[PDB]
file coords.cif (mmCIF, C-alpha atoms)
data_structure
#
loop_
_atom_site.label_atom_id
_atom_site.label_comp_id
_atom_site.auth_asym_id
_atom_site.auth_seq_id
_atom_site.Cartn_x
_atom_site.Cartn_y
_atom_site.Cartn_z
CA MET L 1 62.79 168.12 109.54
CA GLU L 2 59.41 166.38 109.26
CA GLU L 3 60.00 164.90 105.82
CA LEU L 4 61.81 161.80 107.13
CA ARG L 5 59.32 160.98 109.86
CA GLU L 6 56.70 160.74 107.13
CA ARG L 7 58.64 158.36 104.88
CA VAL L 8 59.26 156.15 107.91
CA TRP L 9 55.62 156.09 109.01
CA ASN L 10 54.71 155.15 105.45
CA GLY L 11 57.62 152.71 105.17
CA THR L 12 56.79 149.79 102.92
CA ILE L 13 58.22 146.38 101.94
CA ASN L 14 57.19 143.97 99.15
CA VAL L 15 56.27 140.53 100.46
CA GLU L 16 55.71 137.24 98.66
CA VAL L 17 53.75 134.72 100.70
CA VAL L 18 53.83 131.13 99.45
CA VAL L 19 52.12 128.17 101.09
CA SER L 20 54.67 125.82 102.66
CA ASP L 21 55.29 122.44 101.05
CA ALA L 22 54.06 120.72 104.20
CA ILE L 23 50.45 121.90 103.88
CA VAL L 24 49.90 122.81 100.23
CA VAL L 25 47.55 120.74 98.06
CA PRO L 26 49.40 118.18 95.86
CA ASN L 27 51.24 119.68 92.87
CA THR L 28 49.52 123.04 92.41
CA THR L 29 51.03 125.90 90.41
CA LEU L 30 53.31 128.41 92.11
CA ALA L 31 51.12 131.27 90.91
CA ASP L 32 48.14 129.66 92.65
CA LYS L 33 49.91 129.14 95.99
CA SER L 34 51.37 132.64 96.08
CA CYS L 35 50.22 136.19 96.69
CA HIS L 36 52.13 139.45 96.93
CA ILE L 37 51.13 142.02 99.48
CA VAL L 38 52.67 145.30 100.48
CA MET L 39 53.24 145.44 104.24
CA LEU L 40 53.84 148.46 106.42
CA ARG L 41 57.28 148.41 108.02
CA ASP L 42 55.83 149.61 111.29
CA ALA L 43 53.00 147.13 111.60
CA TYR L 44 52.84 143.53 112.77
CA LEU L 45 53.00 140.41 110.58
CA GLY L 46 50.01 139.23 112.52
CA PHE L 47 47.90 142.03 111.03
CA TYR L 48 48.36 140.32 107.67
CA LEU L 49 47.76 136.71 108.77
CA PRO L 50 44.02 136.32 108.03
CA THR L 51 44.27 138.15 104.71
CA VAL L 52 47.06 135.83 103.61
CA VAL L 53 45.14 132.82 104.85
CA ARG L 54 42.03 133.96 102.95
CA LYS L 55 43.84 134.51 99.65
CA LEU L 56 45.42 131.06 99.79
CA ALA L 57 42.71 129.05 101.57
CA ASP L 58 42.12 127.32 98.23
CA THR L 59 45.63 125.92 98.02
CA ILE L 60 45.76 124.71 101.60
CA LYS L 61 45.29 120.95 101.80
CA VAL L 62 45.19 120.79 105.60
CA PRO L 63 42.03 121.63 107.61
CA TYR L 64 41.94 124.54 110.07
CA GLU L 65 39.91 125.72 113.04
CA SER L 66 40.66 129.44 112.52
CA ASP L 67 42.66 132.15 110.76
CA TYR L 68 44.95 132.67 113.76
CA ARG L 69 45.67 129.63 115.92
CA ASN L 70 48.45 127.37 114.67
CA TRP L 71 49.56 129.62 111.81
CA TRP L 72 52.94 131.28 111.56
CA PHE L 73 55.40 132.49 108.92
CA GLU L 74 58.71 130.97 107.99
CA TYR L 75 61.65 132.55 106.27
CA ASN L 76 64.22 130.07 104.93
CA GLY L 77 62.73 127.31 107.04
CA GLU L 78 62.80 129.28 110.29
CA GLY L 79 59.83 130.57 112.26
CA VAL L 80 59.55 134.35 112.10
CA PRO L 81 59.44 136.05 115.56
CA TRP L 82 56.39 138.05 114.63
CA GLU L 83 56.14 140.02 117.90
CA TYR L 84 58.56 142.47 116.29
CA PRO L 85 57.50 144.95 113.63
CA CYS L 86 57.69 143.75 110.01
CA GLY L 87 60.32 146.27 108.99
CA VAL L 88 62.54 145.18 111.85
CA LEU L 89 62.26 141.52 110.83
CA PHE L 90 62.78 142.39 107.18
CA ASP L 91 65.95 144.30 108.09
CA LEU L 92 67.12 141.38 110.20
CA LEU L 93 66.37 138.34 108.02
CA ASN L 94 66.22 139.30 104.34
CA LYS L 95 69.01 138.60 101.85
CA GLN L 96 63.18 144.16 97.02
CA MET L 97 60.81 141.27 97.72
CA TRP L 98 60.80 139.27 100.97
CA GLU L 99 59.61 135.68 100.61
CA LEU L 100 57.80 133.97 103.50
CA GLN L 101 56.11 130.60 103.72
CA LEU L 102 52.70 130.33 105.36
CA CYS L 103 52.70 127.33 107.67
CA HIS L 104 50.17 125.55 109.89
CA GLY L 105 50.70 122.80 112.43
CA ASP L 106 49.66 121.30 115.74
CA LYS L 107 53.02 122.16 117.24
CA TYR L 108 54.40 125.69 116.96
CA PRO L 109 58.08 125.95 116.13
CA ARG L 110 60.46 126.32 119.06
CA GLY L 111 60.50 129.82 120.52
CA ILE L 112 57.71 131.25 118.34
CA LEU L 113 55.00 132.98 120.38
CA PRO L 114 51.62 131.55 119.36
CA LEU L 115 49.11 134.05 117.98
CA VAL L 116 45.70 132.95 119.22
CA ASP L 117 43.50 136.01 119.60
CA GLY L 118 44.37 138.14 116.61
CA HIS L 119 44.34 141.89 117.08
CA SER L 120 43.19 141.65 120.70
CA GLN L 121 46.35 139.72 121.50
CA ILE L 122 48.62 141.90 119.40
CA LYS L 123 47.06 144.88 121.15
CA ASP L 124 47.86 143.61 124.65
CA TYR L 125 51.45 142.89 123.73
CA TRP L 126 52.03 146.15 121.87
CA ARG L 127 50.45 147.87 124.89
CA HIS L 128 52.84 146.29 127.40
CA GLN L 129 55.72 147.15 125.11
CA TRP L 130 54.88 150.85 125.50
CA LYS L 131 54.12 150.35 129.16
CA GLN L 132 57.79 149.32 129.06
CA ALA L 133 59.46 151.81 126.73
CA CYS L 134 57.82 154.30 129.10
CA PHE L 135 59.75 153.17 132.20
CA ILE L 136 62.92 153.34 130.18
CA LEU L 137 62.07 156.92 129.18
CA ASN L 138 60.66 158.21 132.48
CA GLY L 139 61.58 155.83 135.33
CA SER L 140 57.91 155.05 135.93
CA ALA L 141 54.78 154.03 134.07
CA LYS L 142 53.25 157.38 135.01
CA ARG L 143 52.65 159.35 131.81
CA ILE L 144 51.14 156.27 130.14
CA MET L 145 49.00 154.97 133.01
CA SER L 146 47.60 158.51 133.13
CA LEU L 147 46.16 158.31 129.60
CA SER L 148 42.36 158.05 129.50
CA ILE L 149 41.06 154.83 127.99
CA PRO L 150 39.82 156.48 124.73
CA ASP L 151 43.11 158.40 124.44
CA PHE L 152 45.07 155.14 124.46
CA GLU L 153 42.43 153.33 122.33
CA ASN L 154 42.91 156.20 119.93
CA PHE L 155 46.67 155.48 120.22
CA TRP L 156 46.04 151.89 119.11
CA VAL L 157 43.64 152.90 116.35
CA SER L 158 46.24 155.31 114.91
CA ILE L 159 48.39 152.31 114.03
CA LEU L 160 45.51 150.59 112.23
CA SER L 161 44.20 153.72 110.49
CA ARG L 162 47.63 155.10 109.75
CA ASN L 163 46.63 158.44 111.30
CA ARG L 164 50.06 159.82 112.11
CA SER L 165 49.16 163.06 113.87
CA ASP L 166 46.90 160.97 116.06
CA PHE L 167 49.85 158.71 116.84
CA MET L 168 52.40 161.46 117.53
CA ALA L 169 49.73 163.16 119.64
CA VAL L 170 49.59 160.48 122.32
CA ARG L 171 53.27 159.60 121.91
CA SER L 172 53.87 163.13 123.21
CA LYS L 173 51.57 162.65 126.20
CA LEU L 174 53.99 159.84 127.07
CA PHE L 175 57.43 161.33 126.70
CA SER L 176 59.54 164.34 125.72
CA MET L 177 62.96 163.79 124.14
CA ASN L 178 64.44 166.80 125.96
CA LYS L 179 63.38 165.31 129.32
CA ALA L 180 64.11 161.58 129.14
CA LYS L 181 66.39 159.54 131.41
CA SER L 182 67.22 156.50 129.24
CA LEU L 183 66.05 155.58 125.73
CA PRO L 184 64.50 152.23 124.55
CA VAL L 185 67.08 150.48 122.40
CA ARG L 186 67.34 146.95 121.06
CA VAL L 187 70.20 145.55 119.04
CA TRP L 188 70.20 142.42 116.89
CA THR L 189 73.31 140.27 116.73
CA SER L 190 74.61 138.35 113.73
CA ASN L 191 73.05 135.19 115.14
CA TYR L 192 69.56 136.70 115.47
CA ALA L 193 69.49 137.49 119.19
CA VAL L 194 68.28 140.75 120.80
CA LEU L 195 70.14 142.79 123.36
CA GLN L 196 68.39 145.58 125.24
CA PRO L 197 71.36 147.89 126.14
CA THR L 198 70.76 150.29 129.02
CA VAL L 199 71.40 153.63 127.33
CA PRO L 200 70.85 156.58 129.70
CA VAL L 201 70.81 160.11 128.21
CA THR L 202 73.71 162.48 128.93
CA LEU L 203 76.61 158.48 122.60
CA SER L 204 77.18 157.53 118.97
CA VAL L 205 76.22 154.24 117.29
CA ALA L 206 79.86 153.19 117.18
CA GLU L 207 80.12 154.13 120.87
CA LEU L 208 77.04 152.04 121.65
CA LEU L 209 78.25 148.95 119.80
CA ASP L 210 81.68 148.98 121.47
CA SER L 211 80.21 149.17 124.95
CA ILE L 212 78.27 146.02 124.04
CA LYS L 213 80.93 144.16 122.05
CA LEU L 214 79.36 144.30 118.58
CA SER L 215 81.60 146.46 116.36
CA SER L 216 83.44 145.25 113.25
CA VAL L 217 81.42 147.30 109.58
CA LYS L 218 80.72 151.03 109.19
CA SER L 219 76.93 151.02 108.63
CA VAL L 220 74.03 149.76 110.77
CA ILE L 221 70.49 148.98 109.61
CA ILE L 222 67.69 151.10 111.04
CA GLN L 223 64.18 151.39 109.62
CA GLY L 224 65.53 149.87 106.42
CA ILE L 225 68.31 152.40 105.90
CA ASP L 226 72.08 152.17 106.37
CA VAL L 227 73.04 154.60 109.15
CA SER L 228 76.66 155.65 109.74
CA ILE L 229 78.09 154.09 112.90
CA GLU L 230 78.87 157.72 113.81
CA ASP L 231 75.29 159.07 114.10
CA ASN L 232 73.77 160.20 117.40
CA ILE L 233 71.57 157.56 119.06
CA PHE L 234 69.50 160.14 120.97
CA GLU L 235 68.61 161.60 117.57
CA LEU L 236 68.23 158.26 115.80
CA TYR L 237 65.60 157.45 118.43
CA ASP L 238 63.62 160.69 118.09
CA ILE L 239 63.23 159.99 114.37
CA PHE L 240 63.47 156.20 113.88
CA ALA L 241 61.87 154.49 116.88
CA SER L 242 59.39 151.82 115.77
CA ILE L 243 55.65 151.83 116.55
CA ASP L 244 56.33 149.90 119.73
CA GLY L 245 58.65 152.47 121.28
CA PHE L 246 62.03 150.97 120.59
CA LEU L 247 64.77 151.94 118.20
CA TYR L 248 66.03 148.78 116.53
CA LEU L 249 69.56 148.42 115.28
CA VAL L 250 70.44 145.53 113.00
CA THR L 251 74.18 144.85 112.95
CA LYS L 252 76.14 143.87 109.85
#

call {"tool": "encode", "arguments": {"input": "coords.cif", "output": "structure tokens"}}
result
Amino acid sequence: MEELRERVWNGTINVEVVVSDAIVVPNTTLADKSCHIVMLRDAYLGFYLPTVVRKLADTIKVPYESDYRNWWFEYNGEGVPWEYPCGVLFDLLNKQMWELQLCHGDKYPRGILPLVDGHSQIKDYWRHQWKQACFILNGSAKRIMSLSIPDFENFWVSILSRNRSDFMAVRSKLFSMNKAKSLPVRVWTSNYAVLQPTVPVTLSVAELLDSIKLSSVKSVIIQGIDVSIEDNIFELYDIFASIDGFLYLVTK
């Protein structure tokens, strides 16, 4: 009923952040170059960047201008596409602790969006994501462009303060499930690519995958839980959409 929605909002994942070999100070203990932090599934890796940098600043041999510019995370030697919520990335990349390396360099890895203005920047992007999931839901950025500044600012703040009722409050002023054209969906392939399937409302997971050539495999990964390829997508959205407005499916 409401039980689930709570667990999801409070979704957590254990994360071990270790300085990368490239920038760590010569032969320092693993314990010293590591730190474990619990991250919210529906949050952004970028929210944790400065904290991680702070905790390990001692073990970093290289010099740095800030706690944002030129930093990124790597999982198994690959840059993490941090513009997606943590939980989504965890579901997509992990083999329950998730190990990431903290890296710094003058040249960002190929394809990784540079994080230069911390929260301000994450804000803008998250914003435009909703400004988008809106069109998908209502054919026009009406409901969302109508929100007063403090009402939206309050929307943002809800994600930082973890005030759920505050979040659901404005989410409502944006869309109603019972009155939505198409729903925001994004599917991850086996090779780590995202498809954004046009799914108008009028479909099961299995039915969605087929129409997009991705079936194989009985369970999908959503919000960290194996969902039967039979479930109803319209429903999976109403309960599992991520803080950015999209329901993410990770194929197996």

call {"tool": "residues_around", "arguments": {"input": "coords.cif", "residues": "residue 205 in chain L", "least_positions_apart": "2", "cutoff": "9 Å", "atoms": "all atoms listed in the file", "output": "list in words"}}
result
residues 203, 207, 208, 209, 210, 220, 227, 228, 229, 230, 231, 232 and 233 of chain L

call {"tool": "closest_atom_pairs", "arguments": {"input": "coords.cif", "of": "range 183-247 of chain L", "to": "range 75-87 of chain L", "cutoff": "8 Å", "atoms": "all atoms listed in the file", "output": "JSON lines"}}
result
{"residue": "L:223", "atom": "CA", "partner": "L:87", "partner_atom": "CA", "distance": 6.4}
{"residue": "L:224", "atom": "CA", "partner": "L:87", "partner_atom": "CA", "distance": 6.8}
{"residue": "L:242", "atom": "CA", "partner": "L:85", "partner_atom": "CA", "distance": 7.4}
{"residue": "L:243", "atom": "CA", "partner": "L:85", "partner_atom": "CA", "distance": 7.7}
{"residue": "L:244", "atom": "CA", "partner": "L:85", "partner_atom": "CA", "distance": 7.9}

call {"tool": "write_last_selection", "arguments": {"input": "coords.cif", "atoms": "C-alpha atoms", "output": "PDB file, in the frame of the given file"}}
result
ATOM      1  CA  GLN L 223      64.180 151.390 109.620  1.00  0.00           C
ATOM      2  CA  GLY L 224      65.530 149.870 106.420  1.00  0.00           C
ATOM      3  CA  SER L 242      59.390 151.820 115.770  1.00  0.00           C
ATOM      4  CA  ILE L 243      55.650 151.830 116.550  1.00  0.00           C
ATOM      5  CA  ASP L 244      56.330 149.900 119.730  1.00  0.00           C
TER       6      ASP L 244
END

call {"tool": "resolve_selection", "arguments": {"input": "coords.cif", "expression": "the PyMOL selection byres ((chain L and resi 74) around 12)", "output": "number ranges by chain"}}
result
L: 16-22, 45, 71-73, 75-82, 89, 93-94, 98-104, 108-109, 112

call {"tool": "resolve_selection", "arguments": {"input": "coords.cif", "expression": "the PyMOL selection byres ((chain L and resi 151-166) around 10)", "output": "PyMOL selection string"}}
result
chain L and resi 5-6+9-10+40+42-44+47+123+126-127+144-150+167-171+173+243

call {"tool": "atom_distance", "arguments": {"input": "coords.cif", "atom1": "CA of residue 172 in chain L", "atom2": "CA of residue 234 in chain L"}}
result
16.1 Å

call {"tool": "residues_around", "arguments": {"input": "coords.cif", "residues": "residue 201 in chain L", "least_positions_apart": "5", "cutoff": "10 Å", "atoms": "all atoms listed in the file", "output": "PyMOL selection string"}}
result
chain L and resi 137+177-183+233-234

call {"tool": "residues_around", "arguments": {"input": "coords.cif", "residues": "residue 69 in chain L", "least_positions_apart": "5", "cutoff": "10 Å", "atoms": "only C-alpha atoms", "output": "ChimeraX atom specification"}}
result
/L:64,104-106,108,114-118

call {"tool": "resolve_selection", "arguments": {"input": "coords.cif", "expression": "the PyMOL selection byres ((chain L and resi 214) around 10)", "output": "list in words"}}
result
residues 187, 188, 189, 190, 206, 208, 209, 210, 211, 212, 213, 215, 216, 217, 251 and 252 of chain L

call {"tool": "write_last_selection", "arguments": {"input": "coords.cif", "atoms": "C-alpha atoms", "output": "tab-separated table (two decimals), in the frame of the given file"}}
result
chain	number	residue	atom	x	y	z
L	187	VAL	CA	70.20	145.55	119.04
L	188	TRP	CA	70.20	142.42	116.89
L	189	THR	CA	73.31	140.27	116.73
L	190	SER	CA	74.61	138.35	113.73
L	206	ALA	CA	79.86	153.19	117.18
L	208	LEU	CA	77.04	152.04	121.65
L	209	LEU	CA	78.25	148.95	119.80
L	210	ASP	CA	81.68	148.98	121.47
L	211	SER	CA	80.21	149.17	124.95
L	212	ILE	CA	78.27	146.02	124.04
L	213	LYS	CA	80.93	144.16	122.05
L	215	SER	CA	81.60	146.46	116.36
L	216	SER	CA	83.44	145.25	113.25
L	217	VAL	CA	81.42	147.30	109.58
L	251	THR	CA	74.18	144.85	112.95
L	252	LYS	CA	76.14	143.87	109.85

call {"tool": "atom_distance", "arguments": {"input": "coords.cif", "atom1": "CA of residue 196 in chain L", "atom2": "CA of residue 97 in chain L"}}
result
28.9 Å

call {"tool": "atom_distance", "arguments": {"input": "coords.cif", "atom1": "CA of residue 14 in chain L", "atom2": "CA of residue 96 in chain L"}}
result
6.4 Å

call {"tool": "closest_residue", "arguments": {"input": "coords.cif", "among": "L:67, L:191, L:88, L:174", "to": "residue 50 in chain L", "atoms": "all atoms listed in the file"}}
result
L:67

call {"tool": "axis_aligned_box", "arguments": {"input": "coords.cif", "around": "range 151-165 of chain L", "padding_each_side": "5 Å", "output": "JSON"}}
result
{"center_x": 46.2, "center_y": 156.8, "center_z": 117.1, "size_x": 17.6, "size_y": 22.5, "size_z": 24.7}

call {"tool": "closest_residue", "arguments": {"input": "coords.cif", "among": "L:247, L:15, L:62, L:24", "to": "residue 48 in chain L", "atoms": "only C-alpha atoms"}}
result
L:15

call {"tool": "residues_around", "arguments": {"input": "coords.cif", "residues": "residue 58 in chain L", "least_positions_apart": "4", "cutoff": "12 Å", "atoms": "only C-alpha atoms", "output": "list in words"}}
result
residues 19, 23, 24, 25, 26, 28, 29, 32, 33, 34, 52, 53, 54, 62 and 63 of chain L

call {"tool": "write_last_selection", "arguments": {"input": "coords.cif", "atoms": "C-alpha atoms", "output": "short mmCIF file (atom, residue, chain, number, x, y, z; two decimals), in the coordinates of the input"}}
result
data_model
loop_
_atom_site.label_atom_id
_atom_site.label_comp_id
_atom_site.auth_asym_id
_atom_site.auth_seq_id
_atom_site.Cartn_x
_atom_site.Cartn_y
_atom_site.Cartn_z
CA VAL L 19 52.12 128.17 101.09
CA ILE L 23 50.45 121.90 103.88
CA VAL L 24 49.90 122.81 100.23
CA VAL L 25 47.55 120.74 98.06
CA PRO L 26 49.40 118.18 95.86
CA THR L 28 49.52 123.04 92.41
CA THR L 29 51.03 125.90 90.41
CA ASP L 32 48.14 129.66 92.65
CA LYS L 33 49.91 129.14 95.99
CA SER L 34 51.37 132.64 96.08
CA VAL L 52 47.06 135.83 103.61
CA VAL L 53 45.14 132.82 104.85
CA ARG L 54 42.03 133.96 102.95
CA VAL L 62 45.19 120.79 105.60
CA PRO L 63 42.03 121.63 107.61
#

call {"tool": "closest_residue", "arguments": {"input": "coords.cif", "among": "L:130, L:125, L:68, L:90", "to": "residue 241 in chain L", "atoms": "all atoms listed in the file"}}
result
L:130

call {"tool": "build_atoms", "arguments": {"input": "coords.cif", "residues": "range 50-71 of chain L", "atoms": "N, CA, C and O atoms", "output": "compact mmCIF listing (two decimals), in the coordinates of the input"}}
result
# COMPACT_ATOMS: atom_id res chain seq x y z
N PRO L 50 45.29 136.74 108.64
CA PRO L 50 44.02 136.32 108.03
C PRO L 50 43.82 136.64 106.55
O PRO L 50 43.16 135.90 105.83
N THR L 51 44.39 137.75 106.10
CA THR L 51 44.27 138.15 104.71
C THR L 51 45.03 137.12 103.88
O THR L 51 44.52 136.63 102.87
N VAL L 52 46.24 136.80 104.32
CA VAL L 52 47.06 135.83 103.61
C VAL L 52 46.38 134.47 103.63
O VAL L 52 46.33 133.77 102.62
N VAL L 53 45.82 134.09 104.78
CA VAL L 53 45.14 132.82 104.85
C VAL L 53 43.98 132.79 103.87
O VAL L 53 43.82 131.83 103.13
N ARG L 54 43.18 133.86 103.85
CA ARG L 54 42.03 133.96 102.95
C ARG L 54 42.46 133.78 101.49
O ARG L 54 41.94 132.91 100.79
N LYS L 55 43.40 134.59 101.04
CA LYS L 55 43.84 134.51 99.65
C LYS L 55 44.35 133.15 99.21
O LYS L 55 44.27 132.82 98.02
N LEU L 56 44.87 132.36 100.14
CA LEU L 56 45.42 131.06 99.79
C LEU L 56 44.65 129.87 100.36
O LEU L 56 45.09 128.74 100.20
N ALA L 57 43.51 130.13 100.99
CA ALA L 57 42.71 129.05 101.57
C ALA L 57 42.44 127.93 100.57
O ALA L 57 42.29 126.77 100.96
N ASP L 58 42.38 128.28 99.29
CA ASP L 58 42.12 127.32 98.23
C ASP L 58 43.23 126.31 98.00
O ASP L 58 42.98 125.16 97.63
N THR L 59 44.46 126.75 98.23
CA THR L 59 45.63 125.92 98.02
C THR L 59 46.08 125.18 99.26
O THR L 59 47.05 124.43 99.23
N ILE L 60 45.39 125.39 100.37
CA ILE L 60 45.76 124.71 101.60
C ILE L 60 45.05 123.37 101.69
O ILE L 60 43.82 123.32 101.72
N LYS L 61 45.84 122.30 101.74
CA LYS L 61 45.29 120.95 101.80
C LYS L 61 44.82 120.57 103.20
O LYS L 61 43.86 119.83 103.36
N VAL L 62 45.51 121.10 104.21
CA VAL L 62 45.19 120.79 105.60
C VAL L 62 43.95 121.54 106.08
O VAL L 62 43.61 122.59 105.55
N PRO L 63 43.23 120.98 107.07
CA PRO L 63 42.03 121.63 107.61
C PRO L 63 42.40 122.54 108.79
O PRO L 63 43.34 122.26 109.53
N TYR L 64 41.66 123.64 108.97
CA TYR L 64 41.94 124.54 110.07
C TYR L 64 40.75 125.11 110.83
O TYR L 64 39.73 125.48 110.25
N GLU L 65 40.92 125.20 112.14
CA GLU L 65 39.91 125.72 113.04
C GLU L 65 39.68 127.24 112.86
O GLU L 65 38.54 127.71 112.90
N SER L 66 40.77 127.99 112.68
CA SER L 66 40.66 129.44 112.52
C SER L 66 41.72 130.06 111.61
O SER L 66 42.51 129.35 110.98
N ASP L 67 41.71 131.39 111.56
CA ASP L 67 42.66 132.15 110.76
C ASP L 67 43.83 132.65 111.61
O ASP L 67 44.66 133.40 111.14
N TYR L 68 43.88 132.22 112.87
CA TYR L 68 44.95 132.67 113.76
C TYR L 68 45.77 131.56 114.39
O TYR L 68 46.99 131.44 114.14
N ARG L 69 45.09 130.76 115.21
CA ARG L 69 45.67 129.63 115.92
C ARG L 69 46.40 128.66 115.00
O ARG L 69 45.87 128.25 113.96
N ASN L 70 47.61 128.31 115.40
CA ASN L 70 48.45 127.37 114.67
C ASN L 70 49.04 127.83 113.33
O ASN L 70 49.54 127.01 112.56
N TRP L 71 48.95 129.12 113.04
CA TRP L 71 49.56 129.62 111.81
C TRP L 71 50.78 130.41 112.21
O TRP L 71 50.86 130.91 113.32
